[PDB]
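Data block below; observations after.
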Amino acid sequence: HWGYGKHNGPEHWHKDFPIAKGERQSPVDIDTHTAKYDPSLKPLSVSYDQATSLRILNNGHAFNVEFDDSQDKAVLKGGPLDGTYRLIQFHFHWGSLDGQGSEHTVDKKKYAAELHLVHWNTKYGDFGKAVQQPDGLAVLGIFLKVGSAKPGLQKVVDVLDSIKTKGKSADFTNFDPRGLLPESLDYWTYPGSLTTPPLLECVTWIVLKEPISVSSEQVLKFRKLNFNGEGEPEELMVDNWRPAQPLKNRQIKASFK
Ligand SMILES: NS(=O)(=O)c1ccc(O)c(NC(=O)NCCCCO)c1
Ligand SMILES: [Zn+2]
């Protein structure tokens, strides 16, 4: 099965998922001088006031905080998107060291981690249909740098002891994802893919310019999770990021100068 090790990591994925070598793969390096400011880009509309978090799950590759997506409760609109996209889950990718962990890079700079708020286009009816469409998902990507703590992340950090190993889940209600957002919603955007298998080319990526700061203790607690299931040999869940992929025939657009 695929993963992030020496024998099943990102350089192996194409053998089971040939789209790994496709034309719109993610993540990418964001060359800030080559991105083009698009003044027609609209401000992002993040409407998370009615969000209903349900549960947090260790799936063996990351942890997902899952939301009720059966109504328009937490939606992303505007920006480059047409229509309404519903929040289904968020998760992170992170490193073994503070100098690495993000999937996207900014002028080759790697951040300590990257948050992915995953949304699907309501015109396709459900997430499974949406991932089969070139405009099916919108993933809002937010970089994490190590510095001051992020208070809105702490409820996530504190529950991780309950989901240490693959397949463990915990109730996780009343979590407000607005506590994970930076001040500015300035963003870069480009067409891309899921960054884990099945690597489907269904994502409008929206990557925020401004990182959030989290404390060293917060990211340390991410690194105590396990890729393995309970009663299996312990592999720390670290470096669960795919490196930057070729940009090919794509232009990254910026909502700001
Ligand atoms: N990193 S991402 O581009 O924001 C991303 C957003 C939504 C996704 O569905 C995936 N891929 C995925 O879930 N693959 C199957 C493993 C889960 C079952 O345990 C990746
Ligand atoms: Zn992700």
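Each chain of the structure tokens is named A, B, ... in the order shown, its residues numbered from 1; ligands are numbered from 1 in display order.
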Exercise for review: Write out as a ChimeraX atom specification each polymer residue whose atoms come within 7 Å of residue 244 in chain A, counting only C-alpha atoms; drop sequence neighbours fewer than 3 positions from it.
Suggested key: /A:26-29,103-104
Can you write just those residues out, N, CA, C and O atoms, as a PDB file, in the first residue's frame?
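And here's result.pdb as it stands now:
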ATOM      1  N   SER A  26      -0.294  18.128  -8.138  1.00  0.00           N
ATOM      2  CA  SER A  26      -0.005  18.983  -6.999  1.00  0.00           C
ATOM      3  C   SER A  26       0.797  18.210  -5.968  1.00  0.00           C
ATOM      4  O   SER A  26       0.746  16.991  -5.934  1.00  0.00           O
ATOM      5  N   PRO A  27       1.527  18.913  -5.100  1.00  0.00           N
ATOM      6  CA  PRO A  27       1.675  20.368  -5.030  1.00  0.00           C
ATOM      7  C   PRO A  27       2.662  20.879  -6.071  1.00  0.00           C
ATOM      8  O   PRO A  27       3.228  20.102  -6.857  1.00  0.00           O
ATOM      9  N   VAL A  28       2.878  22.197  -6.057  1.00  0.00           N
ATOM     10  CA  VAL A  28       3.859  22.842  -6.919  1.00  0.00           C
ATOM     11  C   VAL A  28       4.615  23.880  -6.105  1.00  0.00           C
ATOM     12  O   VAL A  28       4.184  24.304  -5.027  1.00  0.00           O
ATOM     13  N   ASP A  29       5.758  24.297  -6.646  1.00  0.00           N
ATOM     14  CA  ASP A  29       6.432  25.471  -6.127  1.00  0.00           C
ATOM     15  C   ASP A  29       5.744  26.707  -6.676  1.00  0.00           C
ATOM     16  O   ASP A  29       5.470  26.794  -7.884  1.00  0.00           O
ATOM     17  N   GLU A 103       3.625  21.001   1.583  1.00  0.00           N
ATOM     18  CA  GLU A 103       3.557  20.439   0.238  1.00  0.00           C
ATOM     19  C   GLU A 103       3.851  21.491  -0.820  1.00  0.00           C
ATOM     20  O   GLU A 103       4.818  21.363  -1.583  1.00  0.00           O
ATOM     21  N   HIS A 104       3.049  22.549  -0.852  1.00  0.00           N
ATOM     22  CA  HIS A 104       3.431  23.699  -1.646  1.00  0.00           C
ATOM     23  C   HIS A 104       4.651  24.362  -1.024  1.00  0.00           C
ATOM     24  O   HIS A 104       4.897  24.276   0.188  1.00  0.00           O
TER      25      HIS A 104
END
Selection as a PDB file with C-alpha atoms, in the first residue's frame: residues within 6 Å of ligand 2 by only C-alpha atoms and all ligand atoms:
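Everything below was put into selection.pdb:
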ATOM      1  CA  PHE A  92      -2.472  18.663   7.667  1.00  0.00           C
ATOM      2  CA  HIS A 116      -5.771  21.654   3.724  1.00  0.00           C
ATOM      3  CA  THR A 195      -1.699  15.345  -3.270  1.00  0.00           C
TER       4      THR A 195
END
Point to revise | Selection: 10 Å around residue 196 in chain A, only C-alpha atoms, excl. self and same-chain fewer than 4 positions, as a PyMOL selection string | key: chain A and resi 2-3+10+13+17+20+26-27+61+200+240-242
Expected file contents, prior selection, N, CA, C and O atoms, as a compact mmCIF listing (two decimals), in the first residue's frame:
# COMPACT_ATOMS: atom_id res chain seq x y z
N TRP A 2 0.38 2.34 -0.52
CA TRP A 2 1.22 3.52 -0.66
C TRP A 2 1.42 4.20 0.69
O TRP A 2 0.62 4.04 1.63
N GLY A 3 2.48 5.00 0.78
CA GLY A 3 2.72 5.76 1.99
C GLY A 3 3.81 6.78 1.77
O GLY A 3 3.92 7.37 0.69
N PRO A 10 6.32 8.86 -2.26
CA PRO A 10 5.85 9.56 -3.47
C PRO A 10 6.51 9.15 -4.77
O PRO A 10 5.85 9.21 -5.82
N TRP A 13 4.54 6.15 -6.29
CA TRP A 13 3.08 6.17 -6.42
C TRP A 13 2.62 5.95 -7.85
O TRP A 13 1.54 5.38 -8.08
N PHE A 17 -0.74 4.50 -9.48
CA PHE A 17 -1.58 5.64 -9.83
C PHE A 17 -0.86 6.39 -10.94
O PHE A 17 -0.16 7.38 -10.68
N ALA A 20 -0.03 10.11 -11.44
CA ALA A 20 1.03 10.79 -10.70
C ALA A 20 1.96 11.56 -11.62
O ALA A 20 2.60 12.53 -11.19
N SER A 26 -0.29 18.13 -8.14
CA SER A 26 -0.01 18.98 -7.00
C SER A 26 0.80 18.21 -5.97
O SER A 26 0.75 16.99 -5.93
N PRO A 27 1.53 18.91 -5.10
CA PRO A 27 1.68 20.37 -5.03
C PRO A 27 2.66 20.88 -6.07
O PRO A 27 3.23 20.10 -6.86
N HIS A 61 -2.38 8.12 7.20
CA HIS A 61 -1.57 9.04 6.40
C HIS A 61 -1.57 10.46 6.99
O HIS A 61 -0.59 11.19 6.84
N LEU A 200 -6.24 12.47 -8.08
CA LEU A 200 -7.15 12.87 -9.15
C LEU A 200 -7.03 14.36 -9.43
O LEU A 200 -6.82 15.17 -8.53
N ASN A 240 4.77 13.43 6.01
CA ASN A 240 3.65 12.93 5.21
C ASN A 240 3.26 13.94 4.13
O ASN A 240 2.08 14.26 3.93
N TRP A 241 4.27 14.47 3.44
CA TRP A 241 4.10 15.47 2.39
C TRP A 241 4.66 14.96 1.07
O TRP A 241 5.67 14.26 1.04
N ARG A 242 3.99 15.31 -0.01
CA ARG A 242 4.46 15.04 -1.35
C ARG A 242 5.29 16.24 -1.81
O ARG A 242 4.89 17.38 -1.58
Please, which residues in range 116-155 of chain A fall within 7 Å of range 87-91 of chain A when counting only C-alpha atoms, and what is the closest atom pair and distance in Å to one decimal for each, ordered by chain then residue number, as a tab-separated table?
residue	atom	partner	partner_atom	distance
A:116	CA	A:90	CA	5.4
A:117	CA	A:90	CA	4.4
A:118	CA	A:89	CA	5.5
A:119	CA	A:87	CA	4.2
A:120	CA	A:87	CA	6.8
Store the residues picked out above in a file with N, CA, C and O atoms, as a CSV table (one decimal), in the first residue's frame.
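Printed below is part.csv as written:
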chain,number,residue,atom,x,y,z
A,116,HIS,N,-4.9,21.8,4.9
A,116,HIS,CA,-5.8,21.7,3.7
A,116,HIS,C,-7.2,21.6,4.2
A,116,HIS,O,-7.6,20.6,4.8
A,117,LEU,N,-8.0,22.6,3.9
A,117,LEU,CA,-9.4,22.7,4.1
A,117,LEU,C,-10.1,22.2,2.8
A,117,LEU,O,-10.0,22.9,1.8
A,118,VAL,N,-10.7,21.1,2.8
A,118,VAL,CA,-11.2,20.4,1.6
A,118,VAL,C,-12.6,20.7,1.4
A,118,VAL,O,-13.4,20.4,2.3
A,119,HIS,N,-13.0,21.2,0.2
A,119,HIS,CA,-14.4,21.5,-0.1
A,119,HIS,C,-14.8,20.9,-1.5
A,119,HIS,O,-14.0,20.8,-2.4
A,120,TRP,N,-16.1,20.6,-1.6
A,120,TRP,CA,-16.5,20.0,-2.9
A,120,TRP,C,-17.7,20.8,-3.5
A,120,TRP,O,-18.5,21.4,-2.7
Check your understanding: If we count only C-alpha atoms, what is near residue 33 in chain A at a cut-off of 12 Å, once residues fewer than 3 positions away on the same chain are taken out, given as an MDAnalysis selection string?
Key -> chainID A and resid 29:30 36:37 106:107 188 251:254 257
